[PDB]
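As C-alpha cells, the structure follows; a few thoughts come after it.
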2 protein chains.
Amino acid sequence: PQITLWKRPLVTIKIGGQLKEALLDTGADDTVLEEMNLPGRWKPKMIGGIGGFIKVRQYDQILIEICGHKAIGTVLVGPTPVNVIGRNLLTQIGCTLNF
Amino acid sequence: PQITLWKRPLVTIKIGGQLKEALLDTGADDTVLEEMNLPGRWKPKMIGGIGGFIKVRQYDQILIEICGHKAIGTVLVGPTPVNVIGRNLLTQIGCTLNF
Ligand SMILES: CC[C@H](C)CN(C[C@@H](O)[C@H](Cc1ccccc1)NC(=O)O[C@H]1CO[C@H]2OCC[C@H]21)S(=O)(=O)c1ccc2c(c1)CC[C@@H]2O
C-alpha cells in the first residue's frame, strides 16, 4: 500500500499473540513497544530521544506481523508513550519513503 | 527519490540560508531542529518525545528546502538529539510510505 502522512501512520501489528497499533517510523532505528510481558530472555538497554532516555528490555528474534507482512527481529519493550515500528523491521516488509 | 531504510534516511536541508543534515522522521508530527540562529519572531512552545518534554522556540511559516524540495511551515528549535523532519513538512514535499 501507499500511506500518506497527513495523519500519523498507524497500522495494526501482531506480536506475542496480541494485536496492537503502532507507527511506521522511519526515524526509529529499532522497534519500541509499550510494556508487555513477553516470554524469554532479554537484556537491559537505554534509548534516547526528545526529552531524554527511557529504560527498555531488548528481546531478540521476535516475530511480528505488520499489515500482513511477517518480520522477525529486535523489539525493545518499555514505558514508551507510543508503539513504533523502526527501520530494523520496516526494511523487512519492504517499506520505502518516496517523494 | 525512493529511499530505502537500511540506513538512517538522512538528507541535506537548507534553512535560513544554511545547509544542514536532517532525518526524515515519519514518527514525528513536527519538525524539530537543534539550537541555531533563525531570523524573525518566535514563541515559546513545549513538545514531548519518547523521554519527556522539552522547551522549544516555535518559528512559523519558515522557508526550508529538503533534498531539493521546498516547504514553508513551522520549525521548532531546541535541544533535540538530532535534526528531525516531521510530517508537517514531509506532506509538503509529497512524501509517502510505500510497501
Ligand atoms: C532521535 C530521532 C528521533 C527523535 C527518535 N525517535 C523516533 C521519532 O519518530 C519519535 C517517535 C515518537 C516518540 C514519542 C511520541 C510520539 C512519536 N517522534 C518524536 O519524537 O516526535 C516529536 C516531534 O514531533 C512530535 O510528534 C511526536 C512526538 C513529537 S524516538 O522515539 O525517540 C526513538 C525510537 C527508537 C530508538 C531510539 C529513539 C534510540 C535507538 C532506538 O532505536
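Atoms within each ligand, like the ligands themselves, are counted from 1 in listed order. Both backbone and side-chain heavy atoms feed into the values below; hydrogens, waters and symmetry mates do not. Chain identifiers are assigned alphabetically (A, B, ...) following the order of the sequence lines, protein sequences preceding nucleic acid strands; residue numbering begins at 1 within each chain.
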How far does [atom1] of [X] sit from [atom2] of [Y], to the nearest 0.5 angstrom?
X       : Y       : atom1 : atom2 : answer
B/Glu65 : B/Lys14 : CD    : NZ    : 6.0 Å
A/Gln92 : A/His69 : CD    : NE2   : 12.0 Å
A/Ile3  : B/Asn98 : CD1   : CG    : 8.0 Å

Kindly indicate, with the supporting measurements, whether the criterion side-chain contact (heavy atoms from CB on, under 4.5 Å) is fulfilled by A/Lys55 and A/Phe53.
CA-CA 7 Å; A/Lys55 296 176 175 84; A/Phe53 287 74; over 6 Å; no

Write out the residue and atom name of the closest protein heavy atom to atom 29 (C) of ligand 1, then the distance separating them to 0.1 Å.
B/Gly48 O, 3.2 Å

Which residue and non-hydrogen atom of the protein lie closest to atom 42 (O) of ligand 1, and at what distance in Å?
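Heavy-atom neighbour on the protein nearest atom 42 (O) of ligand 1: A/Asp30 N, 2.8 Å.
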
Within 6.0 Å of NZ in A/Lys20, more than 12 heavy atoms from elsewhere:
yes

Say whether B/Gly27, considering both its backbone and side-chain N or O atoms, lies within less than 3.5 Å of an N or O atom on ligand 1.
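Yes - when backbone and side-chain N and O of B/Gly27 are compared with those of ligand 1, one distance drops under 3.5 Å.
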
Would you say A/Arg8 and ligand 1 have an N/O pair spaced under 3.5 Å apart?
no

Tell me whether B/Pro81 reaches ligand 1 (any heavy atom closer than 4.0 angstrom to a ligand atom).
yes

Does at least one non-hydrogen atom of B/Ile47 fall below 4.0 angstrom from an atom of ligand 1?
no

Closest candidate by heavy atom, reference atom 26 (O) of ligand 1, pool B/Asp29, A/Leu76, B/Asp25:
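Comparing heavy atoms across B/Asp29, A/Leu76, B/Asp25, the nearest one to atom 26 (O) of ligand 1 lies in B/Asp29.
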
Has the side chain of A/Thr91 got a donor or acceptor atom that lies under 3.5 Å from a matching backbone atom of B/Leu5?
no

Would you mind running through ligand 1 and noting each atom that sits below 4.0 Å from a heavy atom of [X]?
X       : answer
B/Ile50 : 13 (C), 14 (C), 31 (O), 32 (O)
A/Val32 : 35 (C)
A/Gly49 : 32 (O)
A/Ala28 : 34 (C), 35 (C)
B/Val82 : 1 (C), 2 (C)

Look at the rings of A/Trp42 and A/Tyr59 and say which category their plane angle falls in: under 30° parallel, 30 to 60° tilted, over 60° perpendicular.
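It falls in the tilted class, 30° to 60°.
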
Determine, step by step, whether B/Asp60 and B/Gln58 satisfy the side-chain contact (heavy atoms from CB on, under 4.5 Å) criterion, reporting the C-alpha distance in whole Å, the side-chain angles of both residues, the deciding distance to 0.1 Å, and the verdict.
CA-CA 6 Å; B/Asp60 287 331; B/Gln58 173 171 335; 2.9 Å; yes

